[PDB]
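The file input-v3.cif contains mmCIF, C-alpha atoms and all ligand atoms:
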```
data_run
#
loop_
_atom_site.label_atom_id
_atom_site.label_comp_id
_atom_site.auth_asym_id
_atom_site.auth_seq_id
_atom_site.Cartn_x
_atom_site.Cartn_y
_atom_site.Cartn_z
CA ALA A 36 4.21 3.75 -41.29
CA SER A 37 4.84 5.10 -37.77
CA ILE A 38 4.60 1.61 -36.27
CA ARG A 39 7.48 2.29 -33.90
CA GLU A 40 6.48 0.27 -30.81
CA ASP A 41 8.71 1.43 -27.99
CA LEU A 42 5.85 0.07 -25.84
CA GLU A 43 7.79 -3.16 -26.25
CA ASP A 44 10.86 -1.50 -24.69
CA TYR A 45 8.72 0.13 -21.98
CA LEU A 46 7.09 -3.13 -20.86
CA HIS A 47 10.35 -5.11 -20.69
CA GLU A 48 12.09 -2.34 -18.70
CA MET A 49 9.23 -1.71 -16.27
CA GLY A 50 9.08 -5.49 -15.89
CA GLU A 51 12.76 -5.75 -14.95
CA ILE A 52 12.76 -2.66 -12.73
CA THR A 53 9.70 -4.01 -10.91
CA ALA A 54 11.33 -7.44 -10.69
CA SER A 55 14.42 -5.78 -9.20
CA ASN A 56 12.27 -3.94 -6.64
CA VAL A 57 10.73 -7.22 -5.49
CA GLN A 58 14.21 -8.75 -5.70
CA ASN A 59 15.57 -6.01 -3.44
CA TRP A 60 12.51 -6.10 -1.17
CA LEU A 61 12.98 -9.78 -0.27
CA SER A 62 16.70 -9.17 0.36
CA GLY A 63 16.48 -8.04 3.98
CA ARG A 64 13.47 -10.22 4.79
CA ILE A 65 15.17 -13.39 3.59
CA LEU A 66 18.21 -12.12 5.51
CA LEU A 67 16.16 -11.99 8.71
CA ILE A 68 14.93 -15.57 8.28
CA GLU A 69 18.43 -16.86 7.54
CA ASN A 70 20.01 -15.10 10.53
CA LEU A 71 17.24 -16.57 12.69
CA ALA A 72 17.73 -20.07 11.25
CA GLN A 73 21.49 -19.81 11.78
CA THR A 74 21.03 -18.60 15.36
CA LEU A 75 18.57 -21.35 16.30
CA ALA A 76 21.18 -23.87 15.08
CA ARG A 77 23.57 -23.22 17.98
CA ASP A 78 20.73 -22.96 20.53
CA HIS A 79 17.12 -24.05 19.98
CA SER A 80 16.09 -24.53 23.61
CA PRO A 81 12.50 -23.44 24.37
CA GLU A 82 13.61 -20.50 26.52
CA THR A 83 16.04 -19.36 23.82
CA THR A 84 13.61 -20.14 20.99
CA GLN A 85 10.93 -18.07 22.73
CA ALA A 86 13.02 -14.92 23.20
CA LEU A 87 14.56 -15.24 19.73
CA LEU A 88 11.12 -15.01 18.09
CA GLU A 89 10.14 -11.93 20.14
CA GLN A 90 12.66 -9.43 18.75
CA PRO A 91 10.94 -6.29 17.41
CA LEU A 92 12.77 -6.36 14.08
CA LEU A 93 10.86 -9.56 13.29
CA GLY A 94 7.61 -8.14 14.64
CA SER A 95 7.57 -5.13 12.31
CA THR A 96 8.65 -7.42 9.43
CA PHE A 97 6.47 -10.54 9.34
CA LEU A 98 2.93 -11.29 10.44
CA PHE A 99 4.15 -14.45 12.19
CA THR A 100 7.68 -15.70 12.88
CA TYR A 101 7.96 -19.30 13.99
CA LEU A 102 10.04 -22.48 14.19
CA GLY A 103 8.56 -25.90 13.46
CA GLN A 104 10.85 -28.67 14.63
CA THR A 105 11.46 -32.20 13.39
CA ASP A 106 9.65 -33.73 16.37
CA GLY A 107 6.55 -31.55 15.88
CA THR A 108 7.41 -28.82 18.39
CA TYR A 109 5.96 -25.46 17.36
CA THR A 110 6.83 -22.01 18.70
CA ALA A 111 5.43 -18.85 17.13
CA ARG A 112 5.26 -15.14 17.93
CA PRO A 113 2.79 -13.68 18.28
CA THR A 114 0.78 -16.50 19.86
CA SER A 115 -2.40 -17.35 17.97
CA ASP A 116 -5.27 -19.82 18.17
CA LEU A 117 -4.44 -22.56 15.68
CA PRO A 118 -6.43 -25.71 14.82
CA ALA A 119 -6.11 -28.56 17.29
CA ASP A 120 -4.59 -30.88 14.66
CA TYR A 121 -1.91 -28.32 13.75
CA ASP A 122 1.30 -30.13 12.77
CA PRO A 123 4.09 -27.89 11.40
CA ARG A 124 5.75 -30.74 9.50
CA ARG A 125 2.56 -31.18 7.44
CA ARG A 126 2.45 -27.45 6.50
CA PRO A 127 3.47 -26.05 3.09
CA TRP A 128 6.27 -23.87 4.48
CA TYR A 129 7.81 -26.95 6.09
CA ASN A 130 7.71 -28.94 2.85
CA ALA A 131 8.86 -25.99 0.74
CA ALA A 132 11.97 -25.34 2.83
CA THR A 133 12.64 -29.08 3.09
CA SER A 134 12.17 -29.96 -0.58
CA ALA A 135 14.17 -26.92 -1.67
CA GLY A 136 16.89 -27.61 0.91
CA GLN A 137 17.52 -23.88 1.25
CA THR A 138 15.85 -20.52 1.79
CA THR A 139 12.74 -20.48 -0.39
CA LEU A 140 9.35 -18.80 -0.68
CA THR A 141 6.00 -20.57 -0.67
CA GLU A 142 3.18 -20.03 -3.09
CA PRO A 143 0.40 -17.91 -1.55
CA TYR A 144 -1.91 -19.81 0.80
CA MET A 145 -4.62 -19.16 3.38
CA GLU A 146 -3.40 -18.20 6.84
CA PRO A 147 -5.13 -20.57 9.30
CA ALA A 148 -5.21 -18.03 12.14
CA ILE A 149 -6.22 -14.68 10.63
CA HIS A 150 -7.67 -16.05 7.34
CA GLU A 151 -5.72 -13.81 4.97
CA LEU A 152 -3.55 -14.67 1.98
CA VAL A 153 0.11 -14.85 3.04
CA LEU A 154 3.51 -15.87 1.69
CA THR A 155 6.19 -17.51 3.83
CA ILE A 156 9.97 -17.10 3.73
CA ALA A 157 10.87 -20.56 5.05
CA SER A 158 14.47 -21.65 5.63
CA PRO A 159 15.69 -25.05 6.86
CA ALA A 160 17.40 -24.98 10.25
CA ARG A 161 20.46 -27.23 10.45
CA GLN A 162 23.08 -27.76 13.16
CA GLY A 163 25.33 -28.91 10.33
CA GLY A 164 24.28 -32.06 8.51
CA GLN A 165 20.94 -33.23 9.88
CA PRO A 166 18.26 -30.53 10.20
CA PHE A 167 16.13 -30.06 13.30
CA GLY A 168 13.32 -27.90 11.91
CA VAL A 169 12.20 -25.10 9.61
CA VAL A 170 12.14 -21.37 10.38
CA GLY A 171 9.44 -19.35 8.64
CA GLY A 172 8.05 -15.85 8.34
CA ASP A 173 4.68 -14.79 6.94
CA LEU A 174 4.19 -11.81 4.63
CA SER A 175 0.75 -10.32 4.00
CA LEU A 176 -0.20 -10.61 0.33
CA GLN A 177 -1.58 -7.06 0.25
CA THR A 178 1.88 -5.88 1.30
CA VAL A 179 3.48 -7.91 -1.50
CA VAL A 180 1.18 -6.59 -4.25
CA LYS A 181 2.03 -3.02 -3.27
CA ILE A 182 5.72 -3.78 -3.86
CA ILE A 183 4.83 -5.33 -7.23
CA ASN A 184 3.06 -2.07 -8.12
CA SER A 185 5.48 0.37 -6.48
CA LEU A 186 6.28 1.85 -9.88
CA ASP A 187 3.55 4.14 -11.19
CA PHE A 188 1.73 3.63 -14.48
CA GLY A 189 -0.77 5.90 -16.18
CA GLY A 190 -3.58 3.76 -14.87
CA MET A 191 -3.05 1.78 -18.10
CA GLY A 192 -1.19 -1.15 -16.57
CA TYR A 193 -0.69 -3.19 -13.44
CA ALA A 194 1.99 -5.65 -12.36
CA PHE A 195 1.55 -9.14 -10.92
CA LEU A 196 3.67 -12.12 -9.87
CA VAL A 197 3.23 -15.35 -11.82
CA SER A 198 5.20 -18.58 -11.49
CA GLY A 199 7.01 -20.48 -14.21
CA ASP A 200 4.25 -23.00 -14.97
CA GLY A 201 1.71 -20.16 -15.23
CA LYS A 202 0.22 -20.09 -11.72
CA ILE A 203 -0.60 -16.51 -10.75
CA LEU A 204 0.81 -15.82 -7.28
CA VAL A 205 -0.07 -12.21 -6.42
CA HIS A 206 -2.41 -10.16 -8.59
CA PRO A 207 -4.16 -6.87 -7.71
CA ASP A 208 -7.42 -8.74 -8.35
CA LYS A 209 -7.86 -10.74 -5.15
CA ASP A 210 -10.03 -13.42 -6.77
CA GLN A 211 -7.45 -14.19 -9.49
CA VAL A 212 -4.77 -15.30 -7.01
CA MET A 213 -3.59 -18.90 -7.61
CA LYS A 214 -5.51 -18.98 -10.90
CA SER A 215 -3.57 -20.22 -13.90
CA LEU A 216 -2.73 -17.89 -16.77
CA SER A 217 -4.79 -20.27 -18.91
CA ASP A 218 -7.69 -19.96 -16.46
CA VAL A 219 -7.76 -16.15 -16.86
CA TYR A 220 -7.68 -15.73 -20.65
CA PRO A 221 -9.78 -18.60 -22.09
CA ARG A 222 -9.14 -17.66 -25.71
CA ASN A 223 -5.71 -19.05 -26.39
CA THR A 224 -3.28 -17.76 -23.86
CA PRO A 225 -0.05 -15.82 -23.47
CA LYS A 226 3.00 -17.76 -22.35
CA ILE A 227 5.89 -16.71 -20.18
CA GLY A 228 8.84 -15.81 -22.30
CA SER A 229 10.74 -13.04 -23.94
CA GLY A 230 7.95 -12.08 -26.23
CA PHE A 231 5.05 -9.74 -25.71
CA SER A 232 1.56 -11.23 -25.88
CA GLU A 233 -1.86 -9.92 -26.78
CA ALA A 234 -5.02 -11.14 -25.05
CA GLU A 235 -8.39 -9.82 -23.89
CA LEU A 236 -9.63 -8.97 -20.40
CA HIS A 237 -13.19 -8.21 -19.24
CA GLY A 238 -14.23 -5.83 -22.00
CA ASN A 239 -10.59 -4.82 -22.36
CA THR A 240 -7.65 -5.64 -24.63
CA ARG A 241 -4.38 -6.19 -22.78
CA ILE A 242 -0.71 -6.57 -23.73
CA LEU A 243 1.42 -8.70 -21.41
CA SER A 244 5.18 -8.84 -20.85
CA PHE A 245 7.23 -11.09 -18.57
CA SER A 246 10.53 -10.34 -16.84
CA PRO A 247 11.97 -13.03 -14.53
CA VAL A 248 12.81 -12.35 -10.89
CA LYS A 249 16.50 -13.24 -10.69
CA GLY A 250 18.35 -13.84 -7.45
CA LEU A 251 15.75 -16.31 -6.16
CA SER A 252 17.75 -19.52 -6.54
CA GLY A 253 15.41 -22.37 -7.44
CA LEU A 254 12.34 -20.15 -7.88
CA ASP A 255 11.47 -19.26 -11.49
CA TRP A 256 9.08 -16.41 -10.72
CA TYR A 257 8.19 -13.82 -13.34
CA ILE A 258 6.74 -10.32 -13.00
CA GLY A 259 3.85 -10.03 -15.43
CA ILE A 260 2.59 -6.69 -16.71
CA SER A 261 -0.89 -6.32 -18.20
CA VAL A 262 -1.42 -2.95 -19.89
CA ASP A 263 -4.55 -1.64 -21.59
CA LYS A 264 -3.57 -1.82 -25.26
CA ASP A 265 -5.57 1.18 -26.51
CA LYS A 266 -4.86 3.24 -23.38
CA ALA A 267 -1.17 2.32 -23.71
CA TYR A 268 -0.74 4.44 -26.86
CA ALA A 269 -0.43 7.80 -25.14
CA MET A 270 1.54 9.64 -27.81
CA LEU A 271 4.15 12.31 -27.14
CA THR A 272 5.15 15.12 -29.54
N1 LIG B 301 0.13 -18.95 14.24
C1 LIG B 301 1.09 -19.09 13.34
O1 LIG B 301 2.26 -18.78 13.55
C2 LIG B 301 0.67 -19.68 12.00
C3 LIG B 301 1.87 -19.99 11.11
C4 LIG B 301 1.57 -19.98 9.61
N2 LIG B 301 0.57 -18.97 9.30
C5 LIG B 301 1.10 -21.36 9.16
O2 LIG B 301 0.52 -21.50 8.09
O3 LIG B 301 1.31 -22.36 9.84
#
```
Just dump the structure as structure tokens.
Amino acid sequence: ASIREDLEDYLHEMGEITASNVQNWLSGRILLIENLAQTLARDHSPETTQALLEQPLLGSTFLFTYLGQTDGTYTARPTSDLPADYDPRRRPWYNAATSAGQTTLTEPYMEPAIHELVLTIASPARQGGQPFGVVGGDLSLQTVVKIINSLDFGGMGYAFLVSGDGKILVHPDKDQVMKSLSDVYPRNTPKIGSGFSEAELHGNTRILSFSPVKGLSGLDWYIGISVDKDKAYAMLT
């Protein structure tokens, strides 16, 4: 009975190493948003706000870096054509940073300017006590998925980012973004947890593991790993 399933050890290690890569990837990028939010606290004048958002280290980092203020003032670099009714305080990155009260990440949404799926690192900007706005920075979803799948598999498996309640955040399949884990596998579903789960894909049988992304205070995000069950048993010696 050679039913030794190290596959179980492989999935839960690849899941944590991938989670650590995403954990380390957001390190510097959250650091850039915080340093910007802390700098706009001591001076948020329009001339200083303009030149603060034009530094090249933010240009090569985020698609858009911006500050939405409590009175509705909006400043963003690079400049883009936004809807006429654009109000930053009614945007998800404003509510996410406000409701979280700290540096947080938004669920993927549709960029209004370039019409591409993005994620925002939004941090509240406070002069101490009362806040005056929210600093944000957009990350292209195609860039994020590549970090999720930085580790190589044998074409048997892929990695994706799913939230705690089961909402898929980034997935290599562009149409399955923001779908629920229940919406993907109709036959009764896997659930986030320690255990491995077995479900069926489109003409394929998959095994799923879940390793949480630590370090993100307040965000219970998990790195999911679907692997082709039959393909997964590549035996050695
Ligand atoms: N032009 C911009 O800076 C857009 C900001 C961001 N994409 C938003 O959803 O508001």
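In this model, the gap between atom CA of residue 194 of chain A and atom CA of residue 56 of chain A comes to 11.9 Å.
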Who sits within 12 Å of residue 211 of chain A, all atoms listed in the file, same chain under 3 positions skipped, as a list in words: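 In the requested form, the answer reads residues 143, 195, 196, 197, 202, 203, 204, 205, 206, 207, 208, 214, 215, 216, 217, 218, 219 and 220 of chain A.
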Within 7 Å of residue 50 of chain A using all atoms listed in the file, minus same-chain residues under 5 positions, as number ranges by chain: A: 245-246, 258-260
Protein and nucleic acid residues within 7 Å of ligand LIG 301 (chain B) (all atoms listed in the file) as a list in words: residues 99, 100, 101, 111, 112, 113, 114, 115, 116, 117, 123, 126, 146, 147, 148 and 173 of chain A
Exercise: segment 237-243 of chain A partners within 6 Å, all atoms listed in the file, chain neighbours under 5 positions left out, as a PyMOL selection string: chain A and resi 231-232+260-264
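Nearest to residue 138 of chain A of all the residues A:164, A:225, A:171, A:63 is A:171, based on only C-alpha atoms.
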All residues 8 Å or closer to residue 141 of chain A, all atoms listed in the file, same chain fewer than 4 positions away omitted, as a ChimeraX atom specification: /A:127-128,131,154-157
d(atom CA of residue 183 of chain A, atom CA of residue 54 of chain A) in Å: 7.7 Å
Provide segment 41-71 of chain A rebuilt to N, CA and C atoms, formatted as an mmCIF file, in the coordinates of the input.
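Final output, out21.cif:
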```
data_model
loop_
_atom_site.group_PDB
_atom_site.id
_atom_site.type_symbol
_atom_site.label_atom_id
_atom_site.label_comp_id
_atom_site.auth_asym_id
_atom_site.auth_seq_id
_atom_site.Cartn_x
_atom_site.Cartn_y
_atom_site.Cartn_z
ATOM 1 N N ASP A 41 7.855 1.404 -29.165
ATOM 2 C CA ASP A 41 8.710 1.430 -27.990
ATOM 3 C C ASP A 41 8.014 0.808 -26.794
ATOM 4 N N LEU A 42 6.678 0.785 -26.812
ATOM 5 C CA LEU A 42 5.850 0.070 -25.840
ATOM 6 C C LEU A 42 6.487 -1.260 -25.472
ATOM 7 N N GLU A 43 7.062 -1.920 -26.475
ATOM 8 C CA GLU A 43 7.790 -3.160 -26.250
ATOM 9 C C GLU A 43 9.013 -2.924 -25.358
ATOM 10 N N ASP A 44 9.733 -1.818 -25.569
ATOM 11 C CA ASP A 44 10.860 -1.500 -24.690
ATOM 12 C C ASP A 44 10.372 -1.060 -23.314
ATOM 13 N N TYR A 45 9.245 -0.344 -23.262
ATOM 14 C CA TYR A 45 8.720 0.130 -21.980
ATOM 15 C C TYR A 45 8.292 -1.036 -21.096
ATOM 16 N N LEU A 46 7.618 -2.033 -21.672
ATOM 17 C CA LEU A 46 7.090 -3.130 -20.860
ATOM 18 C C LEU A 46 8.214 -3.997 -20.307
ATOM 19 N N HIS A 47 9.254 -4.241 -21.104
ATOM 20 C CA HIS A 47 10.350 -5.110 -20.690
ATOM 21 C C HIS A 47 11.348 -4.404 -19.777
ATOM 22 N N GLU A 48 11.299 -3.075 -19.680
ATOM 23 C CA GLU A 48 12.090 -2.340 -18.700
ATOM 24 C C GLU A 48 11.330 -2.178 -17.388
ATOM 25 N N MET A 49 10.068 -1.742 -17.461
ATOM 26 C CA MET A 49 9.230 -1.710 -16.270
ATOM 27 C C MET A 49 9.120 -3.090 -15.630
ATOM 28 N N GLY A 50 9.135 -4.149 -16.443
ATOM 29 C CA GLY A 50 9.080 -5.490 -15.890
ATOM 30 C C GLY A 50 10.342 -5.860 -15.130
ATOM 31 N N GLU A 51 11.504 -5.436 -15.629
ATOM 32 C CA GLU A 51 12.760 -5.750 -14.950
ATOM 33 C C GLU A 51 13.013 -4.830 -13.767
ATOM 34 N N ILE A 52 12.611 -3.561 -13.862
ATOM 35 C CA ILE A 52 12.760 -2.660 -12.730
ATOM 36 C C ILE A 52 11.836 -3.073 -11.592
ATOM 37 N N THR A 53 10.611 -3.487 -11.926
ATOM 38 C CA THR A 53 9.700 -4.010 -10.910
ATOM 39 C C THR A 53 10.228 -5.314 -10.326
ATOM 40 N N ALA A 54 10.749 -6.197 -11.180
ATOM 41 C CA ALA A 54 11.330 -7.440 -10.690
ATOM 42 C C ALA A 54 12.511 -7.170 -9.766
ATOM 43 N N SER A 55 13.300 -6.136 -10.071
ATOM 44 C CA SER A 55 14.420 -5.780 -9.200
ATOM 45 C C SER A 55 13.933 -5.208 -7.874
ATOM 46 N N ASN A 56 12.817 -4.473 -7.883
ATOM 47 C CA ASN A 56 12.270 -3.940 -6.640
ATOM 48 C C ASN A 56 11.823 -5.068 -5.718
ATOM 49 N N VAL A 57 11.101 -6.045 -6.269
ATOM 50 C CA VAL A 57 10.730 -7.220 -5.490
ATOM 51 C C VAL A 57 11.978 -8.001 -5.093
ATOM 52 N N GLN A 58 12.945 -8.094 -6.008
ATOM 53 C CA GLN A 58 14.210 -8.750 -5.700
ATOM 54 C C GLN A 58 14.915 -8.076 -4.537
ATOM 55 N N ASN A 59 14.939 -6.741 -4.530
ATOM 56 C CA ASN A 59 15.570 -6.010 -3.440
ATOM 57 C C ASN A 59 14.712 -6.021 -2.180
ATOM 58 N N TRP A 60 13.391 -6.120 -2.335
ATOM 59 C CA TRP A 60 12.510 -6.100 -1.170
ATOM 60 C C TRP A 60 12.680 -7.360 -0.331
ATOM 61 N N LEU A 61 12.794 -8.520 -0.982
ATOM 62 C CA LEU A 61 12.980 -9.780 -0.270
ATOM 63 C C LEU A 61 14.380 -9.942 0.290
ATOM 64 N N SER A 62 15.322 -9.080 -0.097
ATOM 65 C CA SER A 62 16.700 -9.170 0.360
ATOM 66 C C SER A 62 16.788 -9.196 1.885
ATOM 67 N N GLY A 63 16.375 -8.108 2.535
ATOM 68 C CA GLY A 63 16.480 -8.040 3.980
ATOM 69 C C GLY A 63 15.583 -9.029 4.697
ATOM 70 N N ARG A 64 14.422 -9.338 4.115
ATOM 71 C CA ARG A 64 13.470 -10.220 4.790
ATOM 72 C C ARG A 64 13.924 -11.672 4.729
ATOM 73 N N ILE A 65 14.516 -12.090 3.607
ATOM 74 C CA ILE A 65 15.170 -13.390 3.590
ATOM 75 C C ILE A 65 16.380 -13.379 4.514
ATOM 76 N N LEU A 66 17.065 -12.237 4.612
ATOM 77 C CA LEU A 66 18.210 -12.120 5.510
ATOM 78 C C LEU A 66 17.803 -12.316 6.961
ATOM 79 N N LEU A 67 16.614 -11.836 7.334
ATOM 80 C CA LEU A 67 16.160 -11.990 8.710
ATOM 81 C C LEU A 67 15.835 -13.447 9.023
ATOM 82 N N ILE A 68 15.257 -14.167 8.060
ATOM 83 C CA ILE A 68 14.930 -15.570 8.280
ATOM 84 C C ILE A 68 16.191 -16.413 8.356
ATOM 85 N N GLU A 69 17.182 -16.109 7.513
ATOM 86 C CA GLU A 69 18.430 -16.860 7.540
ATOM 87 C C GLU A 69 19.167 -16.652 8.856
ATOM 88 N N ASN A 70 19.334 -15.392 9.266
ATOM 89 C CA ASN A 70 20.010 -15.100 10.530
ATOM 90 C C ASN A 70 19.303 -15.775 11.697
ATOM 91 N N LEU A 71 17.976 -15.870 11.637
ATOM 92 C CA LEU A 71 17.240 -16.570 12.690
ATOM 93 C C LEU A 71 17.484 -18.073 12.612
#
```
